[PDB]
């Protein structure tokens, strides 16, 4: 049994439910040919993510079994850990909340501006390349304090940076080195005084951060831009497809926009944007279900396994806005490495959806759904284009 099962992100394979039933932890083979334990039940997914003995940091260890080839320097795997040790965690998290003044208004204006141009241009429109991704890019430029016109350049690295490859990718290092050099220049730029890079540039000259390397400062910039843009852009794209497939829900959210956060939360739960399970390495012998995971073995946490688990989410395929456990999904992960951009991710989706439902209430696919081209061997499930009419 080889993972991943399908690059299609518009429907979950029937095999996932069967697997969760029969073998909630199963030996699979990754694209690199390595063994791994695939966990697909909510209970066991939660257990793994809340046990730090299943380590993220150690997934980059030498000779360790691999989900896929590294496309970043080995130390980037422990990036949030290095941020914490350098005493920068509070500052970073503050810089990436949607609660920043003028941020939500910027998202709203940007989303409306993008949609107005699509309408002016006329159907069909590509909701990924000309809405979801540009909105994600524009947002993270604003969050970092870097020029808007620098966005598309940094975005270009992402079709390679987030590949899920069996072998090392020569272009990944080339792009990484280039983007690092860009962020280093930003730190030296006196004009950059706002956002994440503005604050980092400030802390860089502060005595209490004298021994925090310039490497880490630039790395934070590159990492948060790439991870944030790819995650919010891809999720919003696949969420829009979920809405298109659900006219009844669309109208309801259109009619009662206060329900949109609860809707986005359900869209998060059923979202299939993650193409691979979350990788962890066992730093000890740990019992997981019917399996004793040995030290040094690779464990993959299948997010849709847990999120479509009927034992935790009854009628998992249905979007229900009144669930008693609405945010208990694992779309933002769980435990030590819970997504620091979760609130920003929610707000990006909510504002993008609200604007679209206002501007395009009759939005629908301009092509048969099977005509969507799903990107292969990639860390996200996305259609190359999302053609719509309205």
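Residue numbers count along the first chain shown, from 1.
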Discussion item. Per the record, averaged over C-alpha atoms, which has the higher B-factor: 132 to 140 or 253 to 261?
Written reply: 253 to 261
Fill in: Stretch exceeding the other in mean C-alpha B-factor - 233 to 241, 149 to 157
149 to 157
Practice prompt. Kindly indicate the residue among 168, 228, 101, 124 with the greatest C-alpha B-factor in the PDB record.
Written response: 101
Worksheet item: Taking the values straight from the PDB record, which of 172, 291, 196, 268 has the highest C-alpha temperature factor?
Response: 291
Item to complete: Name the third of the chain's ranked CA B-factors that contains residue 178, choosing lowest, middle or highest.
Response: lowest
Response to the item:
Split the chain's modelled residues into thirds by Cα B-factor; residue 54 lands in the middle
Worksheet entry | Cα B factor band for residue 338 (lowest, middle or highest third within the chain) | middle
Discussion item. Ranking the modelled residues of this chain by C-alpha B-factor as given in the entry, is residue 209 in the lowest, middle or highest third?
Written reply: middle
Response to the item:
Chain thirds by Cα B factor, record data; residue 365 belongs to the lowest
